[PDB]
Amino acid sequence: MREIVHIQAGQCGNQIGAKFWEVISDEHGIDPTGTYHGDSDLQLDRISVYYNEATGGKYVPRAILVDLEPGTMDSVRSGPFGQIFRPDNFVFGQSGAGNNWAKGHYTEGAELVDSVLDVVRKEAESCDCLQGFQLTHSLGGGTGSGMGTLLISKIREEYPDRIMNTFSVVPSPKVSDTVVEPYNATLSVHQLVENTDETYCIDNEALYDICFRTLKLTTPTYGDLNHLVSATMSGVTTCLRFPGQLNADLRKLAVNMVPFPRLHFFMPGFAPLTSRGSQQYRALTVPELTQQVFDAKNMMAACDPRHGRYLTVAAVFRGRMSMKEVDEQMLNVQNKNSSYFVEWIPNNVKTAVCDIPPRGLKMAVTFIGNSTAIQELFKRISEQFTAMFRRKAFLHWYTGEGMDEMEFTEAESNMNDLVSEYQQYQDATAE
Amino acid sequence: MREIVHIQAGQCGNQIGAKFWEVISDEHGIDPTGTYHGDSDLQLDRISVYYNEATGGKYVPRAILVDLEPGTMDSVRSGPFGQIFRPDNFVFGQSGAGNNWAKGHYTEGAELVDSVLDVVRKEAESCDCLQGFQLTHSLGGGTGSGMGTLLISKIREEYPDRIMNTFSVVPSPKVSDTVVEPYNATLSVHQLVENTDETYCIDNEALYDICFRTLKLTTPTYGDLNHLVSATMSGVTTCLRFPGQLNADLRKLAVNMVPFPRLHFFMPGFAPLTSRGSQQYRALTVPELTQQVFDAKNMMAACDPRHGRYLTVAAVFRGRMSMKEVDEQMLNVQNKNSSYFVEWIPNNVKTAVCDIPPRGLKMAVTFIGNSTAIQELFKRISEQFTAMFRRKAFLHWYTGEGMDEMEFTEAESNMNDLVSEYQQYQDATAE
Amino acid sequence: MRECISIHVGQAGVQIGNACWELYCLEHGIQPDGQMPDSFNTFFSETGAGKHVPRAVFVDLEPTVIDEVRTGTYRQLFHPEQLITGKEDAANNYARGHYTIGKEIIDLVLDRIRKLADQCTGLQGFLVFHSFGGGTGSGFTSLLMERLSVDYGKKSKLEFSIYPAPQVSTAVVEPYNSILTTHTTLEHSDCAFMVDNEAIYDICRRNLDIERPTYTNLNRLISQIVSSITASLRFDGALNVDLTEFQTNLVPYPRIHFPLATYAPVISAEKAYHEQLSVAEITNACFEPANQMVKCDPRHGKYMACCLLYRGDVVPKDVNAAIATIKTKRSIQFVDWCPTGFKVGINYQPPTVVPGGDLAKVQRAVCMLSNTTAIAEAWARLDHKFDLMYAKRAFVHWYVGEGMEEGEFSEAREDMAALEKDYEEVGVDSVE
Amino acid sequence: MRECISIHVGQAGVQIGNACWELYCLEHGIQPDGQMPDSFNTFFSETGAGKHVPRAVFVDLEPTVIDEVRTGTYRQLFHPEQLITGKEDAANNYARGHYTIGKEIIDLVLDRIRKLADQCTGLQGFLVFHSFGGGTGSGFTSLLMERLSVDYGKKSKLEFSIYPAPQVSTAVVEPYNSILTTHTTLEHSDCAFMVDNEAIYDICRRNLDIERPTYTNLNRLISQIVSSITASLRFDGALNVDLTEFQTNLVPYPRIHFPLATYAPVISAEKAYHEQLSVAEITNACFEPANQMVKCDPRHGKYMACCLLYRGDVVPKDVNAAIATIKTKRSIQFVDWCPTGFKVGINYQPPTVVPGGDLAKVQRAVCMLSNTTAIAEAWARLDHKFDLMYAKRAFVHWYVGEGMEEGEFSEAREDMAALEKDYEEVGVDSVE
Amino acid sequence: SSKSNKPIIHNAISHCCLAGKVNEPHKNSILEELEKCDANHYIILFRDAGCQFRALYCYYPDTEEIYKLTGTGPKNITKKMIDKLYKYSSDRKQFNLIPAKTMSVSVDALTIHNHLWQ
Ligand SMILES: CC(=O)O[C@H]1C(=O)[C@@]2(C)[C@H]([C@H](OC(=O)c3ccccc3)[C@]3(O)C[C@H](OC(=O)[C@H](O)[C@@H](NC(=O)c4ccccc4)c4ccccc4)C(C)=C1C3(C)C)[C@]1(OC(C)=O)CO[C@@H]1C[C@@H]2O
Ligand SMILES: Nc1nc2c(ncn2[C@@H]2O[C@H](COP(=O)(O)OP(=O)(O)OP(=O)(O)O)[C@@H](O)[C@H]2O)c(=O)[nH]1
Ligand SMILES: Nc1nc2c(ncn2[C@@H]2O[C@H](COP(=O)(O)OP(=O)(O)OP(=O)(O)O)[C@@H](O)[C@H]2O)c(=O)[nH]1
Ligand SMILES: Nc1nc2c(ncn2[C@@H]2O[C@H](COP(=O)(O)OP(=O)(O)O)[C@@H](O)[C@H]2O)c(=O)[nH]1
Ligand SMILES: Nc1nc2c(ncn2[C@@H]2O[C@H](COP(=O)(O)OP(=O)(O)O)[C@@H](O)[C@H]2O)c(=O)[nH]1
Ligand SMILES: [Mg+2]
Ligand SMILES: [Mg+2]
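This is the structure in structure tokens:
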């Protein structure tokens, strides 16, 4: 039934997932207990993609929650939608990663990786046909960049022909939250571009502005940012667990999207985003949902799509609609924006239509970008790496954990190899 | 009706049996008085395997309780399910074995053995067709190792065509409870490799971790460890006295499980083992009960089955289920673990299914192992025997009771003969 | 007595077949349950208790769209053995429908086909519905047409492709999947029919005045073509053409076997009035460049062999009228070496309208199938959509990693450039 | 006037016989009391009052499985002198069921058989239901076929063995038992029918769509085969075949007398529709390499002799239609020295379905008994499982200690070595 | 850049056929020679249908060269001497059945006839 395992790690991944399992349980009518109370059987025809049936009609999420300090795991266990999990899954250490890549990948990560994989191995056994692994982590924190990249390198030795999609949270350009997070991002891109088939890239700088401008909110708590992120996370797999006219999955959104095996960093986007009272001023039509999508003011990754060009584009729509409009609107926003799409990939917009709206809406669009627009996002972090490495400040908290000075010279040479390929295809033209 | 006689030697055997007859009597609806209060007559079609009917509808256990100090006997008689026994059976001396083997087998054991055997001779006369004798003793104490194997060598002179399954308790690797329990165990394996057809070896080291991790308990009393051993103890004879699709007695479990007349030290296993609250997060299916069994974290003998290889395997299921699933899961855990099973015994998984579950569940598995995985259990004791023999400490408590020094050299050469044969079949392969 | 079976590979074939097998049950009065309150023996093998079941095989690689049919209105009709699924679909990947996944269950398909030929004494031909887009529709069909030509050989084989549109595209590697599947199907298929999605949106908007159709309303039109090609087997008319008679009257060379289709009349209920719909009129509805179902200009090429399939209440004197006026007209240019370019069937059945439909009730109809030179531009297009996505080696590593030669693509296009030149070879006229 | 009795050794025979004798009491209207609201004198010796009691001896060494029969629904039917029990089961030990425990009550069995032959004027044959695994079914039976061949000699003696599966095993010393119980039944039986469990689990899952069957739902299938061999002694057929006729048409050499049964149709209640089930169809269900109830490949070996046992509303022209198509086919290879390879039986009874059952109600059915070469591969397996255990002398000491020679095994394998070479002796074709 | 099954065979020997610590000296006797052959495809020869490991091959497509690297058995096999086709499910860590009979890159293990062992 093409089951998906949902591994989480870090402080960011758990709080995303603690809203994400709140998000999925409304699409299937699951209470805080775990017993079904929905309406239609389409919630239960493909209920097994994210769940295991328990004795007595209960359901449990196929979720594996990993941390190194027990603070966040107690927080999810105390809140609502927290008792629904399996208590055998909450793997945690007693030390804390200490906002450190080396301590979460060499020192404390190498002692608590075994108790993780032995439950990952157990959750793979309950599956009939394993579709793949989705992982939710950071790239700036200590855990989600070190312990997260350990659970990919250990899994791809074990499940080499399975799709491995992380939904990382990229550090933001202007605001920060960590002094050494340029060091943590350079050490993870070495581990992500070789073992993950695709990686959705999310900023916070791009995510506050949508809460301010388009949503028209004044006080965005993280429970309202992750509330917005988890709409995209459900929107990708909703074509794998619902009937549609034209269908997609976690695999069709990997062959249609990644033209070269290194260039697989995606930038999401969602629409509609109304306000509390401004919902009654716009028309809820397929030509209206498209023009909200292809703006630069709705992309959740803080970069300009107008700088650089698209390579592939997926537009996973939802709700009931008409297939002529979708085949025309995607033509319409390719001809008027014919300098934004690349030349040597003709007709590059992968369409996917589900038949089921989100619970309460009428139609909605999940957008999956793939561009050269994220070439400066890696050019930015590689510049924040370069200044802090010439003075080699903050180095002794990494060197003292068994890490050599050559390893920073490798990944920065590796990241300039990534930037050189986006510049290679941005100017590559055919004759 | 294939009657079984239950002897209880030592302190530990009197405390397993004081819970064991509490365990049996709920499978037959028996009050503390001895009268019947159950519901289904299937409790009473084979009630005469363990019980002698008394006048007025009562039933007494066919049980014989042997000790030397009279302390534990009063504890059984004062406690509940104590008056159900026969007051003629409580045979005991007045000295106490004093945690000494030569005192309990030669000195004090040779003065109370005749008062025991005359009741053993009496209990056999009430039986129609005697199936065999089950014994319940330690391997570390003075009584259950000295008075116990005295009763075996007398009985096997008396009843040569009878199966004799002592359910021994083996000392633990890390924690101990007796300074000279390497001495009291090397002297008893000399008697047990020659006179008992099978011997279920049980540790305490692996038995706490099952109480700690799988059961999720904080303070496990002996009334919660012996509560777990007594579940296995009834489950071996759970199909000798109840109908089933495929049947097993104490004799079928002796022919299929014993490839060679010396290699007959077994190791148990049980499933399901839930928690108080985590009973509602796992599925109760026959493929789920199988994978719980074949872990190394559920074998009550403190040794890894992944060290060493299996020779034969029994699996005495209970409850109502489907015979296809069992015959596929026993095939399933043989192909993926074909390195663990030995090659020159093809399709070595004996199967048995009762029709009656334990009182309250739906299905359950009792497991019997037979492995080379206990080659280091004897290698551990024969090393602690050897190093305490070079300085020959604690010897005058044995020599002064009438024992020669050659007998220690004999039993040590006996046990290294046993370890050498487990090593022989572990590496012998056919072509 | 002349039995014909139908395989539906891919998602495109099944939802077309949902529109198809709904339509035959409406013609013959067959209930969805299988009951009915004698010539229809070609698709519906009956049972001792009267319950007719179709001759269908719905093969797929993902279980998604099959479960809609197992729970839909026509659950009771189909034989539940027939519905073959898998676990992971090929997922827009030719290299997974022909080397990895479809290989695993190719024996389950052919064995069930083997249990359908044996009830048929007069086995006529095949009807494989597929697309060119997806991996299942293009990779498993290229596997299945290989196996049946080895198994049977003599039998007629018909495809109903969903050709990829020139301007609308719902996939990214869609020109990779066609060149791989056309290289394979060229020597095993025998008369493949081309239907686009884009040109039906032109018809559904203009001629029908529906601004918002669906795949549902695009498959009611393709159901009317398939019902009318096989309208001469299932019924009795003044002049009945056969499925073996199409592959003679339409195939001038063993390579060129791509006729495109056209249905007429396609008018709404309001425009069902206000005009008269004569046989002298509906024939001229077919030869327009705006009424085709493949986005090509027929005035840029030459018709090699037309084939009109009239039905309903048509008088054959008017067919002498409506045809003889056409090859006197100037713009419709046939081929100079072919002085005779028609093959006509007149049947006694009007086309039946499905309830809850969009088309009008008419008393006459025509399903023109026409072979022409004008599809050479539609093959000159995908070769331009091939060399751009291959010069950069785009999307290759998803194909190499499933048992494929990376030098196979240069060979597969080489067996398209020859087919590119053959339409130009035929289209010129050798004098003397 | 032709009476045939049935013995039930072991746990496997009694639980099969529970499924047997329940099924006959439905074919004839017999109550569980023996009452009924007459050609069934073959199995039911009646009483002066209205009561029919069976001709069955339920012998066992443990009293466990017998107490179900003495307390179940058919308590009143049987005769309480028949139900011979013992004290201790043979306990997966051939050397206990033949030298030690079975020797004790072998006289009470033969005395009770003696009182059942005396009510029979025209005594026909013997039926033994026994496994090969357990000690009773393989060790007490090998004593019992020895005794009845001395007591009677001339009468036909049929077994219905349970062959041990190539992949599923519920015992450990099970290849020790099957070699010893084949050394003895080879010369004192007549026609041992082979039935496996593993092949029925495939039939219970694929052809029946039941994911979780039981020994109950397996024994409903072996009851139908037994009720099809002996349905010609119990009804008025157009072409009846006797138990004295199966010994002749199927046994070309006195060593080779091991056929393997096959039943058809085996379909669920919902797939009872959707297909027509004529005798040109259900015949091809039998010769599949996927419907045989022994896990062997019939495409590897050659059928020496088939024996089709039709029943129901079957017409012997269509039988000639069904059989003549078969030995024109290429994959089925009959043996070259044998030009005739069939034996047909038509009876006028549809198969009767037990309530609370799983097989659907059909109006025609077939058992197929056939002596193929392909079981030589199944005998090649038990010599390979023998030599991996005897070379290390595993499990020998439980057999030596009950009256056995340590060289008796190597003598008994030498019997199986000669029996292995006899199938390959026959499967070749001596020309000229 | 091509297709291989070396990370699958390395995964399969180390976890399903030679997983226990008994065969750990024997696992190193075979695994160290696998890093040296330049074959793209490999395939595992069992003995029975119970899939006990005894031999390892290397397979060359378009020539069907089935040369033997480690284990005991014949040097080369053909399509005549085959019984069953296995595939290593990385999901289950268990060799399943392929109902087909064509030896391709998705096929990971096989069984030969009983005639080749007597
Ligand atoms: C309302 C209800 O269904 O309660 C159950 C129950 O909640 C659970 C949690 C029980 C419970 O067991 C324990 O909590 C436990 C405590 C200490 C050591 C080991 C276990 C139960 O206490 C134990 C008890 O077991 C029995 O009744 C069996 O017959 C069992 N009996 C005893 O162990 C026993 C206990 C006290 C006095 C006398 C006998 C048995 C098992 C094998 C062989 C013979 C007997 C059961 C089903 C229950 C309770 C009451 C809560 C479980 O255990 C057993 C052995 O069944 C633990 O996981 C299982 C799953 C059960 O569902
Ligand atoms: N006319 C029509 N075209 C359809 C329909 N469904 C899909 N298509 C077309 O089919 C093509 C996509 O191929 P699919 O059939 O969906 O893919 P598939 O055969 O399932 O293959 P995979 O999903 O890759 O395994 C596109 O050109 C769609 O427009 C339909 O109902 N009608
Ligand atoms: N088909 C079928 N096989 C059965 C049944 N019961 C047992 N068997 C098979 O019989 C074999 C075991 O032999 P048993 O008959 O139980 O043993 P036994 O004859 O009683 O001999 P002992 O118990 O050793 O004295 C195994 O292969 C079982 O699968 C049944 O109801 N149906
Ligand atoms: N979107 C989002 N980002 C968060 C959340 N919590 C933390 N982050 C971001 O995660 C980063 C800090 O990493 P963190 O996961 O807490 O560290 P770790 O626990 O060592 O992995 C910062 O960039 C935070 O902005 C959250 O709930 N939502
Ligand atoms: N499982 C279990 N072990 C016990 C119990 N009581 C004592 N033991 C063990 O028995 C050993 C001591 O032997 P003991 O029987 O008291 O001495 P004896 O009376 O001279 O035979 C130690 O290993 C104890 O852990 C009990 O109730 N349960
Ligand atoms: Mg598909
Ligand atoms: Mg028995």
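Residue numbers (the UniProt record's numbering), protein chains in the order written: chain A, 1 to 431; chain B, 1 to 431; chain C, 1 to 37, 47 to 441; chain D, 1 to 37, 47 to 441; chain E, 1471 to 1588.
The C-beta atom is built at its ideal place from N, Cα and C for all residues, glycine as well.
Item, Value
"In chain A, which residues lie less than 7 Å from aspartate 1561(E) when you measure between Cβ atoms?", "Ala124, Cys127, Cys129 and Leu130"
"Starting from the Cα of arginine 243(D), find the closest Cα among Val14(D), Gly17(D), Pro307(D) and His28(D) and give me that residue.", "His28(D)"
"Please list the segments of the beta strand (DSSP E) lying wholly inside the segment 229-317 of chain A, counting only runs of 3 or more residues, in order along the chain.", "265-271"
"Any contact of the segment 176-187 of chain B with the segment 370-386 of chain B, i.e. 3+ C-beta pairs under 8 Å?", "yes"
"Since residue 443(A) is in the alpha helix (DSSP H), which residue starts that stretch and which ends it?", "No answer is possible for residue 443(A): the residues shown for chain A start at 1 and end at 431."
"Buried or exposed: where does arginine 84(C) fall if 16 or more other Cβ atoms within 10 Å of its Cβ makes it buried?", "exposed"
"Assuming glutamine 134(B) is part of the beta strand (DSSP E), what are its boundary residues?", "130-136"
"Whole angstroms is fine: what's the gap from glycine 246(C)'s alpha carbon to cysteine 4(C)'s?", "19 Å"
"Using a C-beta to C-beta distance shorter than 9 Å, which residues of chain F count as neighbours of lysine 280(D)?", "Reference to chain F is not applicable here, since the protein chains of this structure are A, B, C, D and E."
"Under a three-way DSSP split, which group does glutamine 1564(E) fall into?", "strand"
"Please state the DSSP three-state secondary structure of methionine 330(B).", "helix"
"Are there 16 or more other CB atoms within 10 angstroms of the CB of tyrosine 224(C), so buried, or fewer, so exposed?", "buried"
"What separation, rounded to the nearest whole angstrom, lies between the Cα atoms of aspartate 417(B) and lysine 379(B)?", "11 Å"
"To which residues of the same chain is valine 342(A) closer than 7 Å at the C-beta, ignoring the five residues directly before and after it?", "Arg309, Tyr310 and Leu311"
"For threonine 33(A), collect the residues of the same chain with a Cβ closer than 6 Å to its Cβ; drop the 5 residues on either side in sequence, then sort them by chain order.", "none"
"Say whether the segment 328-342 of chain A touches the segment 299-309 of chain A, bearing in mind that this needs 3 or more beta-carbon pairs closer than 8 Å, one atom from each stretch.", "yes"
"What is the residue span of the alpha helix (DSSP H) that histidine 190(A) lies within?", "181-192"
"With H, G and I counted as helix, E and B as strand and the rest as coil, what does DSSP make of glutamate 198(B)?", "strand"
"Name the chain A residues that come within less than 9 Å of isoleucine 1479(E), Cβ to Cβ?", "Within 9 Å Cβ-Cβ: nothing; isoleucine 1479(E) doesn't reach chain A, min ~11 Å."
"Could you check how far apart the C-beta atoms of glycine 98(B) and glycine 140(B) are, in whole angstroms? I think they sit under 8 Å.", "Contact doesn't hold; Cβ gap of about 14 Å is too wide."
"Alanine 231(B): beta carbon under 7 Å from a heavy atom of ligand 1?", "yes"
"Runs of 3 residues minimum, wholly inside the segment 363-391 of chain D: which ones carry the beta strand (DSSP E) assignment?", "373-381"
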